[PDB]
Amino acid sequence: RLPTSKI
Amino acid sequence: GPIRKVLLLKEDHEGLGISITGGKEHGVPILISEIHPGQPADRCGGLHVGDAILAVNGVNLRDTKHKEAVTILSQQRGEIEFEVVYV
Ligand SMILES: *C(=O)c1ccc(CN2CCCCC2)cc1
């Protein structure tokens, strides 16, 4: 459920 | 687990090819949550879901907030050395 970022 | 140094090579039109969660505000490390198909992390190998990223190109990612880590990771170019560990 954590905020996720894509890099 | 053992801390590993993992080199990723990429060009400027590519991303790293990873999703990450975590950061200082969440009390948890910067963790790889996905390795995306066909992108540098998938091709070069050595990075895995569940790895914590301690540093990239000598930039310490410890105590960074989520967005600060994302910014640093997104800025690295060309030859990108990850310091990673599974715990
Ligand atoms: C993931 O969905 C994704 C990967 C790559 C890009 C293209 N972008 C180009 C400019 C530098 C970083 C990568 C977008 C989304």
Side-chain angles (χ1 to χ4, degrees):
Chain A
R1 288 154 179 277
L2 287 175
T4 304
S5 294
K6 183 174 177 283
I7 314 160
Chain B
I3 299 174
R4 302 113 57 199
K5 303 284 229 234
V6 174
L7 182 65
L8 189 149
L9 304 182
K10 74 170 194 79
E11 291 166 79
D12 291 346
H13 54 274
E14 305 183 286
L16 296 169
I18 65 175
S19 288
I20 61 158
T21 60
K24 181 183 186 224
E25 69 266 57
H26 301 304
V28 295
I30 302 299
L31 292 181
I32 298 180
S33 59
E34 184 173 1
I35 301 288
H36 292 264
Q39 295 193 54
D42 182 38
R43 298 198 307 267
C44 293
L47 299 175
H48 308 293
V49 170
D51 278 343
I53 309 175
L54 303 179
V56 61
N57 281 347
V59 185
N60 179 27
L61 282 194
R62 295 159 179 81
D63 264 359
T64 50
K65 283 170 66 177
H66 183 87
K67 187 175 173 182
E68 165 150 57
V70 171
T71 299
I72 292 165
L73 286 159
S74 74
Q75 285 175 305
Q76 308 308 301
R77 273 184 84 201
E79 191 181 316
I80 304 179
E81 192 182 60
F82 287 75
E83 187 178 341
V84 287
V85 61
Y86 173 78
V87 187

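In what follows, every chain begins at residue 1, and chains take the letters A, B, ... in the order their sequences are listed. One-based numbering, in listed order, for ligands and for the atoms of each. Only this structure's heavy atoms are used, side chains among them; waters, hydrogens and symmetry mates stay out.
- When side chains are defined from C-beta on, B:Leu16 does not count as touching B:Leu47, because their heavy atoms never get closer than 4.5 Å.
- Sorted by first and then second residue, the pairs that involve residues 21-45 of chain B and meet salt bridge (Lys or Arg N to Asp or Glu O under 4.0 Å), not counting sequence neighbours, are B:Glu14-B:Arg43.
- Both B:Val87 and B:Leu54 are assigned to one and the same hydrophobic cluster, defined by single-linkage of ILVMFWY side chains at heavy-atom distances under 4.5 Å.
- The two atoms that bring B:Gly15 and B:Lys10 nearest to each other are O-CD, 3.6 Å, heavy atoms only.
- The protein residues lying under 4.0 angstrom from ligand 1, judged by non-hydrogen atoms, are A:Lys6, B:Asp12, B:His13, B:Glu14, B:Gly15, B:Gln39.
- Applying the side chain to side chain donor-acceptor pair (under 3.5 Å) test to every pair with at least one member in residues 77-87 of chain B, sequence neighbours left out, gives these pairs: B:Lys5-B:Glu83, B:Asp12-B:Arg77.
- Screening residues 50-62 of chain B for side chain to side chain donor-acceptor pair (under 3.5 Å) gives B:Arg4-B:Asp51, B:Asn57-B:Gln76, B:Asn60-B:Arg62 as the qualifying pairs, with residues at least two apart or on separate chains.
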